[PDB]
Structure formats: C-alpha cells, structure tokens
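Chains as they are written, first to last, in the entry's author numbering: chain B, 318 to 404; chain B', 318 to 404; chain A, 132 to 145, 149 to 297; chain A', 132 to 145, 149 to 297. A prime marks a further copy of an entry chain.
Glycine included, C-beta positions come from ideal geometry on N, C-alpha and C.
To keep things clear, I will list the structure first and then write my remarks on it.
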Amino acid sequence: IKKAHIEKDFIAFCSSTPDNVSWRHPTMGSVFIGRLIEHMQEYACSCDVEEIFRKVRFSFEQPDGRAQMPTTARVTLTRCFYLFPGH
Amino acid sequence: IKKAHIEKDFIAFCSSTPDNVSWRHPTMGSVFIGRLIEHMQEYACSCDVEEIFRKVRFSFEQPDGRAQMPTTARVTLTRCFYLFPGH
Amino acid sequence: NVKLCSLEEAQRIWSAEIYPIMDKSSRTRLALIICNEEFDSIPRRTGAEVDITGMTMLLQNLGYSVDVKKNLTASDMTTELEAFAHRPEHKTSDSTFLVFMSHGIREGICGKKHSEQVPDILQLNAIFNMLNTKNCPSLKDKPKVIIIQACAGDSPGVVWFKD
Amino acid sequence: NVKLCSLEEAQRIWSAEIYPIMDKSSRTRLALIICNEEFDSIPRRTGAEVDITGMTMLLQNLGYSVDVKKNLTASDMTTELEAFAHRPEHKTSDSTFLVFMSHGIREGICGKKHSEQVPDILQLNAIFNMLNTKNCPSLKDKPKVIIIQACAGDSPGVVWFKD
Numbered sequence: 318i319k320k321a322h323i324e325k326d327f328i329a330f331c332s333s334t335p336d337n338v339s340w341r342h343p344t345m346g347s348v349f350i351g352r353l354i355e356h357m358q359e360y361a362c363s364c365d366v367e368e369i370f371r372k373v374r375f376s377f378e379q380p381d382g383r384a385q386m387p388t389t390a391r392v393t394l395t396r397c398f399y400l401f402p403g404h
Numbered sequence: 318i319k320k321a322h323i324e325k326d327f328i329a330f331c332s333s334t335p336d337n338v339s340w341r342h343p344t345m346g347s348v349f350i351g352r353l354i355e356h357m358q359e360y361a362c363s364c365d366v367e368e369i370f371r372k373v374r375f376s377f378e379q380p381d382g383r384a385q386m387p388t389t390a391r392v393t394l395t396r397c398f399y400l401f402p403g404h
Numbered sequence: 132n133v134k135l136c137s138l139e140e141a142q143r144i145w149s150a151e152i153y154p155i156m157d158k159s160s161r162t163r164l165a166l167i168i169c170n171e172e173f174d175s176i177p178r179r180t181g182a183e184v185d186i187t188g189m190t191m192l193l194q195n196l197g198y199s200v201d202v203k204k205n206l207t208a209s210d211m212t213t214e215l216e217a218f219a220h221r222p223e224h225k226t227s228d229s230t231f232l233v234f235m236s237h238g239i240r241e242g243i244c245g246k247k248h249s250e251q252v253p254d255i256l257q258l259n260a261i262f263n264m265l266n267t268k269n270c271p272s273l274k275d276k277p278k279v280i281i282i283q284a285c286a287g288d289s290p291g292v293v294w295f296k297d
Numbered sequence: 132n133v134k135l136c137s138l139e140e141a142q143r144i145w149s150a151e152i153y154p155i156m157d158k159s160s161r162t163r164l165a166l167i168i169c170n171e172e173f174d175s176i177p178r179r180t181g182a183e184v185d186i187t188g189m190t191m192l193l194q195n196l197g198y199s200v201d202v203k204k205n206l207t208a209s210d211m212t213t214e215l216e217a218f219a220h221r222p223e224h225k226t227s228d229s230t231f232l233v234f235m236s237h238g239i240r241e242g243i244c245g246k247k248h249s250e251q252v253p254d255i256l257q258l259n260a261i262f263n264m265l266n267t268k269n270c271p272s273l274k275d276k277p278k279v280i281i282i283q284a285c286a287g288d289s290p291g292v293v294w295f296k297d
C-alpha cells in the first residue's frame with residue numbers, strides 16, 4: 318500500500334468573515350455572488366483562482382453601506398489553478 | 318463616526334491541515350519552519366507572501382515518510398503583500 | 132459570458151506550478167450548486183434565482199456540467215455530496231466546483247429545517263471531509279473549489295471610529 | 132540571509151493592488167515570536183531553539199524588530215498579544231508578523247500547562263480577535279501574517295491505497 322495526503326488541493330471562498338453577515342438584494346441577487354461572476358468573467362483568462370478571489374476581496378475594501386469582507390479559507394492548493402477559458 | 322471592517326488584511330499559515338500532525342526533528346528543527354525560511358529567503362524578492370506560501374505547500378506535495386500539508390487559513394488580504402527585501 | 136484565454140495568453144502562462155488541464159474532447163467536468171430558498175423558520179431568500187442563474191451559466195461556460203439541487207436539509211445535502219463525490223466522471227475530470235447558497239450561522243450552512251430550537255446545519259468541516267482523498271479518491275491531486283454565499287453569524291462585521 | 136529585491140525588480144512589480155511600504159528610515163516594523171519548549175504534561179520540544187534562531191534572523195533581515203517570548207500559558211500568551219497589539223510602533227509600521235510555535239490540538243495552540251484533564255489552549259479565533267480593527271486599530275489596512283508551527287490534531291493525515 319501507498320500513502321497519500323488526506324486533505325490537499327482545496328480552496329474555499331466565503332461571502333463574509335467569521336461572525337459576520339453577507340448581503341443579498343431581494344431582486345438583484347447576492348452581492349458576493351454577483352461580484353464573483355463579474356470577476357471570473359473578466360479575469361479567468363489571465364489570473365489563477367486565488368488571484369481572482371483576492372480581486373473580489375479588494376472590491377469590498379471600502380466598507381460603504383452594507384459592509385462585508387469575503388474570505389478565502391482552508392487553502393491546500395499546491396499549484397496555480399488557471400481555468401484556461403476557451404481551452 | 319465612520320465604519321470600518323472588523324477583520325481585514327489577515328493571512329494565517331499553519332504547518333498542517335486540521336486534525337493532522339506537524340513534524341519536528343529533535344536537532345534539525347521543525348520541517349515547516351525550515352521549509353518556510355528557505356522559501357522566504359529565496360522568493361521574498363520576487364513573490365508576494367501568498368505565492369511564497371503556495372510554494373512551501375508544493376514542497377510537501379509528495380507524502381514521503383513523515384507526511385504533512387501546510388495550510389493557508391482565514392485570508393483577508395485585499396492586495397499583494399511583497400516584502401521588498403532591501404527596501 | 133467569460134473572456135477567453137487566447138493561444139498566446141495560454142503560452143505566456145505555460149510552468150510546473152500549474153494544475154494540469156485535461157483534453158477538452160475527452161474530459162467530463164462536474165460542478166454542483168446547492169441553493170436553499172425556502173425555509174421552515176427563516177424568511178424566503180428572495181433573489182436566489184438570480185444567483186442560481188448567474189452561477190450555472192458561468193460554470194457551464196467554464197466547461198462544467200452543472201447539477202442544481204434546491205431546498206434541502208443538512209442530511210439531504212450530505213447525501214447529495216456523497217453521491218457527487220462518487221460520480222465516475224470525476225476520474226475523467228481535472229477539477230470541480232461546489233457552490234452552497236443559503237442562510238448561515240457561525241457553526242455552518244443552514245438546512246431548510248433550521249431553527250434556534252432545532253439546528254439543521256451542514257458544517258464546513260463535513261464538506262471538506264466528504265470531498266477529501268479518502269471519500270473522494272477520484273479528485274485526488276485535482277483542485278476542488280468551494281464557494282459559499284451565507285452569513286457566518288449575525289454581526290454587521292464593523293467597528294466605529296471618530297478619528 | 133534573504134535574496135534582495137533589486138531596483139529593476141521593484142519597478143517591475145510596481149500597481150494599485152499592492153500593500154504600500156513605509157519609508158525605510160522612518161518605519162518601525164514589529165514582529166513577535168511566541169515559542170513553548172517546556173511543558174507541564176507534554177515532552178520537551180527539542181529542536182525549538184533552531185526554529186527560534188531561524189525565524190528571528192529571517193524576520194530581522196526583513197526589517198522587523200523581533201520580540202521573543204518563551205514558555206507561556208494561554209493566558210500569558212493573551213496578555214502578551216494584547217500588549218503587542220497596543221504598541222505605538224505599529225502606527226509607524228506597514229505590516230506585522232506573529233509566529234506561534236508549540237504543541238497543538240484541533241482546538242488550538244497549547245500553553246505550557248496544557249493537559250487532557252485541564253486544557254490550556256489559545257484559540258486561533260482569539261488571535262485574530264486580538265489583532266483585528268477594534269483591538270488593534272494601528273494595524274488597520276496593514277497586512278498581518280500569522281505563522282503557526284503546531285499539530286492540529288494527532289492524525290498522521292494520510293489515507294492508504296492499493297492501486
């Protein structure tokens with residue numbers, strides 16, 4: 318028999334920091350989800366997912382109005398994950 | 318008064334995945350710490366900390382002998398953190 | 132809906151620090167969306183359909199076959215995740231996406247029957263466990279992306295300052 | 132001991151997605167190392183001095199004034215962290231490093247008096263709380279790097295396979 322890591326190549330991206338609320342407009346949808354789609358649409362071509370997720374976090378920087386801060390959690394990605402859209 | 322995010326600009330880097338052991342040689346020191354110093358020494362000049370930490374994780378990829386997998390946790394870095402060594 | 136990575140862009144990115155991508159013609163990429171909109175003791179998550187639409191379209195355009203499940207307890211979510219992890223398509227896949235959208239508390243994601251009296255919670259810990267190398271060997275060495283839209287507690291998550 | 136970032140390298144990296155660095159001559163960078171080597175109910179962490187040396191030298195060469203604290207309970211660790219967060223040098227700093235090295239369990243980092251009977255644990259949650267915008271306003275908008283060397287439980291963290 319051979320050994321393998323029990324937990325590897327994971328990344329979680331949550332809409333807010335622990336203890337804290339995430340926001341959802343009743344007709345426009347969840348802000349984090351909307352922001353995530355827009356950044357994936359634009360940056361999947363040139364950035365790995367960790368970089369995209371950081372860009373999403375940056376967009377929430379200013380705590381204007383309904384403040385929230387998306388978080389990357391429990392990361393065991395050993396390589397860069399590029400989506401290579403089109404390929 | 319003005320609002321500010323309660324939790325922002327954090328990164329944690331742990332020696333192993335949840336539930337799991339980290340290793341330390343009685344005379345040579347902790348493997349994760351040794352690996353971290355070597356990668357910081359080499360890559361602080363050209364890579365942001367998230368990239369360095371991923372490189373550390375890659376070095377543990379093969380579960381040879383005393384296997385462990387370092388983890389990045391609770392990340393709210395909104396920008397890239399370059400150490401700019403020498404500056 | 133996604134900006135495409137050109138041939139010269141993919142060459143610029145390509149060395150040994152990147153997850154390998156499977157051939158487009160032979161690969162069977164899978165993704166799962168679990169979204170709770172209706173609850174026993176929590177107000178309807180109005181606008182969730184906008185989230186479902188956007189995420190489904192995005193993931194399909196990224197090359198994933200997307201399965202959508204709606205209004206489940208933590209137990210049903212668990213069963214679904216167990217079935218998803220055992221899907222043979224993962225063996226001929228290079229990656230996966232898991233999207234969870236619901237009400238949430240610090241402990242985790244809310245099932246459709248959640249109450250303060252009787253908790254119905256899927257823990258984040260359990261999600262990782264069900265998709266790890268033991269329980270999902272077909273995704274060993276392959277990136278697993280978990281996306282969560284939920285509260286992580288009821289605090290606005292702010293601090294006030296004068297200066 | 133650190134490879135230097137040349138002027139042309141720093142220019143290549145420099149746009150608005152980078153944490154701003156303070157002027158070398160005026161900045162007061164701080165870092166803290168807490169390392170437990172001797173315990174009441176756990177074997178001596180032999181080799182810890184190698185860790186202390188390496189981390190101290192590295193952080194100093196990266197421009198940080200490094201404080202080292204040894205063999206503390208979770209309570210003393212808490213007091214130390216509270217004092218560290220209130221240090222006025224952080225106002226004229228651009229970043230910080232927190233290094234914790236000890237025995238560990240799933241719940242968190244072990245204090246010097248930890249036992250299965252009487253737990254002495256500093257939670258990871260508490261570390262973040264003590265360094266957040268409320269409790270450490272001087273490091274608002276500034277990167278805070280937390281490094282932990284400890285077990286997160288007693289599992290070898292592996293799964294076996296035939297094929």
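List, in order along the chain, the chain A residues whose C-beta lies closer than 8 Å to that of residue 375/B'? Within the second sequence, the letter at position 58 stands for residue 375/B'. Simply 151.
So, does the CB of residue 275/A fall closer than 9 Å to a CB anywhere in chain B? By one-based count along the third sequence, residue 275/A stands at place 141. Closer than 9 Å to some Cβ of chain B, the Cβ of residue 275/A qualifies, so yes.
Could you please give me the residues that DSSP links to residue 202/A' through a beta bridge? Residue mapping note: residue 202/A' aligns to position 68 of the fourth sequence, counting from 1. Beta-bridge pairing links residue 202/A' to 167/A'.
Expressed to the nearest angstrom, what Euclidean distance is found between the alpha-carbon atoms of residue 146/A and residue 260/A'? In the model shown, chain A runs from 145 to 149 with nothing in between, leaving residue 146/A without coordinates.
At the level of alpha carbons, what is the spacing between residue 191/A' and residue 132/A'? Locating residue 191/A' in the fourth sequence gives position 57, where the first residue counts as 1. Locating residue 132/A' in the fourth sequence gives position 1, where the first residue counts as 1. Those two C-alpha atoms are separated by around 8 Å.
Rounded separation between residue 392/B and residue 207/A - CA only: Looking up residue 392/B in the first sequence gives position 75. Looking up residue 207/A in the third sequence gives position 73. Roughly 27 Å between the two C-alpha positions.
Use the C-beta contact count for residue 229/A': other C-beta atoms within 10 angstroms, 16 or more gives buried, fewer gives exposed. Position 95 of the fourth sequence holds residue 229/A'. Its Cβ being crowded by 16 or more others within 10 Å, residue 229/A' is buried.
Between the Cα of residue 147/A and those of 277/A, 196/A, 235/A, spot the shortest distance and give me the residue it belongs to. In the structure shown, chain A runs from 145 directly to 149, leaving residue 147/A without coordinates.
If you draw a straight line from the C-alpha of residue 343/B' to the C-alpha of residue 178/A', how long is it? Counting from one through the second sequence, the residue named residue 343/B' turns up at place 26. Counting from one through the fourth sequence, the residue named residue 178/A' turns up at place 44. One C-alpha to the other measures close to 10 Å.
Span separating the alpha-carbon of residue 141/A' from that of residue 324/B': In the fourth sequence, residue 141/A' corresponds to position 10, counting from 1. In the second sequence, residue 324/B' corresponds to position 7, counting from 1. Approximately 29 Å between the Cα atoms of the pair.
Please report the straight-line C-alpha distance between residue 158/A and residue 225/A, rounded to a whole angstrom. Against the third sequence, residue 158/A aligns to sequence position 24. Against the third sequence, residue 225/A aligns to sequence position 91. Straight-line Cα distance between these residues: approximately 14 Å.
Between the segment 182-190 of chain A and the segment 350-363 of chain B, are three or more C-beta pairs nearer than 8 Å? yes
Taking all protein chains shown into account, decide if residue 252/A' is buried (16 or more other Cβ within 10 angstroms of its Cβ) or exposed. Within the fourth sequence, numbered from 1, the residue matching residue 252/A' stands at position 118. By the neighbour-count rule (16 or more Cβ atoms within 10 Å), residue 252/A' is not buried but exposed.
Any C-beta of chain A under 9 Å from that of residue 385/B: Walking along the first sequence from the start, residue 385/B turns up at place 68. With 9 Å as the cut-off, residue 385/B counts as an interface residue toward chain A.
Taking Cβ to Cβ, would you say residue 181/A is nearer than 9 Å to residue 346/B? For the purposes of this step, residue 181/A is taken as residue 47 along the third sequence, with counting starting at 1. For the purposes of this step, residue 346/B is taken as residue 29 along the first sequence, with counting starting at 1. Yes. Within cutoff.
Is there contact between the segment 380-388 of chain B' and the segment 333-341 of chain B, where contact requires at least three CB pairs shorter than 8 Å? no
Residues that residue 321/B' contacts on chain A, provided the C-beta gap is smaller than 9 Å: What you label residue 321/B' is simply residue 4 of the second sequence in a count that begins at 1. Those are 292, 293, 294, 295, listed as they occur along chain A.
What residues from chain A crowd round residue 268/A', counting only those whose CB sits closer than 8 Å? Mapped onto the fourth sequence, residue 268/A' falls at position 134. In chain order: 293.
Counting only Cβ-Cβ distances shorter than 9 Å, please list the residues of the segment 335-363 of chain B' near chain B, keeping chain order. 335, 336, 337
Beta carbon proximity, residue 378/B to chain A, threshold 9 Å: As a working note, residue 378/B is residue 61 in the first sequence. Taking Cβ atoms only, chain A never reaches closer than 9 Å to residue 378/B, which makes this a no.
List the residues of chain B that residue 394/B' touches, going by C-beta distances under 8 Å, in chain order. By 1-based counting over the second sequence, the position of residue 394/B' is 77. Neighbours of residue 394/B' on chain B, chain order: 371, 374.
Less than 8 Å between C-beta atoms, sequence neighbours within five positions excluded: which residues of the same chain meet that for residue 327/B? Here residue 327/B corresponds to residue number 10 of the first sequence, with the count starting at 1. Taken in chain order, the residues that qualify are 391, 392, 393, 394.
Coil, strand or helix - residue 235/A' by DSSP: Start at 1 with the first residue of the fourth sequence, and residue 235/A' comes out as number 101. Of the three classes helix, strand and coil, the one that applies to residue 235/A' here is strand, per DSSP.
Among 218/A, 269/A, 273/A, which one has its Cα closest to the Cα of residue 168/A? Numbered from 1 along the third sequence, position 34 holds the residue referred to as residue 168/A. Nearest option by C-alpha distance: 218/A.
Taking residue 211/A' as the reference, give the member of 256/A', 171/A', 262/A' with the closest Cα. On the fourth sequence, residue 211/A' is found 77 positions in, with the first residue counted as 1. Of the listed residues, the one whose Cα sits closest to residue 211/A' is 256/A'.
Along chain A', which residues have their Cβ under 7 Å away from the Cβ of residue 403/B'? Within the second sequence, residue 403/B' is the residue found at index 86, counting from 1. Within 7 Å Cβ-Cβ: 135, 136.
Does the CB of residue 328/B have a neighbour CB from chain A' at under 9 Å? Along the first sequence, one-based indexing puts residue 328/B at 11. With a threshold of 9 Å between beta carbons, residue 328/B makes no contact with chain A'.
Taking C-alpha atoms, which residue in 204/A, 268/A, 143/A lies nearest to residue 364/B? Along the first sequence, read from residue 1 onward, the residue named residue 364/B stands at position 47. Cα-wise, what sits closest to residue 364/B is 143/A.
From the DSSP output, in three-state form, read off residue 356/B' for me. Here residue 356/B' refers to the residue found at position 39 when the second sequence is read from its first residue. Looking at residue 356/B' - three-state DSSP - the assignment turns out to be helix.
Hey, is residue 159/A's beta-carbon within less than 9 Å of any beta-carbon in chain B'? Mapped onto the third sequence, residue 159/A falls at position 25. Under the Cβ criterion of 9 Å, residue 159/A is not counted among the residues facing chain B'.
DSSP three-state assignment for residue 133/A, whether helix, strand or coil: As a first step, residue 133/A must be located in the third sequence, where it is residue number 2. DSSP places residue 133/A in coil when its eight states are reduced to three.
Applying a beta-carbon distance threshold of less than 9 Å, which residues of chain A neighbour residue 271/A'? The residue you call residue 271/A' lines up with position 137 of the fourth sequence. What residue 271/A' touches in chain A: 293, 295.
Look up residue 192/A in the DSSP assignment and say whether it is helix, strand or coil. Reading the third sequence from its first residue, position 58 is the one you call residue 192/A. Here residue 192/A sits in helix by DSSP.
Since residue 328/B is in the beta strand (DSSP E), which residue starts that stretch and which ends it? For this step, residue 328/B is matched to residue 11 along the first sequence. That run of the beta strand (DSSP E) goes 327-331.
Of the choices 374/B, 321/B, 385/B, whose alpha-carbon is the least far from that of residue 396/B'? Along the second sequence, one-based indexing puts residue 396/B' at 79. Nearest C-alpha to residue 396/B': 374/B.
Check the Cβ of residue 324/B' against every Cβ in chain A' and list those closer than 8 Å, keeping chain order. As a first step, residue 324/B' must be located in the second sequence, where it is residue number 7. Residues of chain A' passing the Cβ test: 262, 266, 267.
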